[PDB]
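J.: Take a look at this one; I'll ask things after.
Numbering (my numbering), first residue to last: 914 to 974.
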């Protein structure tokens, strides 16, 4: 039972992009940890760059 659907205009398309970034972020983080990344700066660095890239790629930022 959906409630308070957020999608009246262009946002309807943004709500979706938000997911593409989520799944991507998680998958990336894990892949990094297993890739041999055992440091915060490293992960944070890569992840950060990714989040920003994707966000800007989906015209979100």
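Note that the Cβ used here is the ideal one computed from N, Cα and C, for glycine as well.
My assumption, with CB atoms under 8 Å, is that residue 922 sits in contact with residue 928. Please give the rounded CB distance.
T.: Between residue 928 and residue 922 the Cβ distance is about 11 Å, and since that is not below 8 Å, they are no contact.
J.: Residue 956 and residue 942: beta carbons closer than 8 Å?
T.: Result yes, Cβ atoms of residue 956 and residue 942 sit closer than 8 Å.
J.: What does a CB cutoff of less than 8 Å around residue 918 pick up in its chain, not counting 5 residues either side in sequence?
T.: Cβ within range, chain order: n/a, list empty.
J.: Under 8 Å, do residue 959 and residue 945 count as touching if we go by C-beta distance?
T.: In this structure, residue 945 lies closer than 8 Å to residue 959 by Cβ.
J.: What residue does the alpha helix (DSSP H) around residue 963 start on, and which one ends it?
T.: Note, residue 963: alpha helix (DSSP H), 953–970.
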